[PDB]
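Q: Provided hereafter are the protein sequence and its experimental coordinates.
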Amino acid sequence: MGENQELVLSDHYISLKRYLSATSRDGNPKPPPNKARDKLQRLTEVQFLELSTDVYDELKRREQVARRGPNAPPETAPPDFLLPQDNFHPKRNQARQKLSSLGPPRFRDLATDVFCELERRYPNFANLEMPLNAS
């Protein structure tokens, strides 16, 4: 254990890589035809972390939904969007709702942009490590 924002983004990076890998063979290193990393530079690091967290949170919520997809009762069926809470600011809640509203292609692009940004910003993320699946 330790305290490092890089480690937090490392988990996000790994999660994004697995997410992208699970949704794409990754035969194209640059999926989008257009790029604009300068757009992501129009925000602060904290805002960037907030966006990274929002993306991460969206990813885990979708995974939970998928897990509770088949062979799951409707009583414990999760929402198709993040429900608002007073613990979180309403603007942030709306932002999260927008992520849910966005379909997979747009979201995938967001994931790709964040993933690429993290890889470019942290070149050492290209030399982290990945887990293995076994059953």
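A: The structure has been received and is ready for your questions. Residues are numbered from 1 along each chain as shown.

Q: any chance you could map the helices in this structure?
A: Per DSSP state H, the chain carries helices over the ranges 5-23, 45-67, 90-101, 104-121.

Q: Dump these into TSV; add mean neighbour count and distance to residue 128 as well.
A: The way it works is simple: take the backbone N, C-alpha and C, and place the C-beta from them, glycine included. Output for the helices of the chain, formatted as TSV (neighbours: other Cβ atoms under 10 Å; distance: least, Cβ to Cβ, whole Å):
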stretch	mean neighbour count	distance to residue 128
helix 5-23	16	6
helix 45-67	15	15
helix 90-101	15	25
helix 104-121	16	10
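
Q: Take those and lay them out in a markdown table including distance to residue 132.
A: Shown next, in a markdown table, are these (distance: least, Cβ to Cβ, whole Å):
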| stretch | distance to residue 132 |
| --- | --- |
| helix 5-23 | 11 |
| helix 45-67 | 18 |
| helix 90-101 | 29 |
| helix 104-121 | 20 |
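
Q: can I assume residue 24 is in contact with residue 31?
A: Yes. Taking contacts as Cβ atoms under 8 Å, residue 24 lies within contact range of residue 31: 7.3 Å.

Q: any residues in contact with both of those two?
A: Residues touching both residue 24 and residue 31 by Cβ atoms under 8 Å, 6 or more residues apart in numbering: residue 108.

Q: what about these two, which has more around it?
A: Taking other Cβ atoms under 10 Å, residue 24 and residue 31 do not tie; residue 31 has more neighbours (16 against 12).
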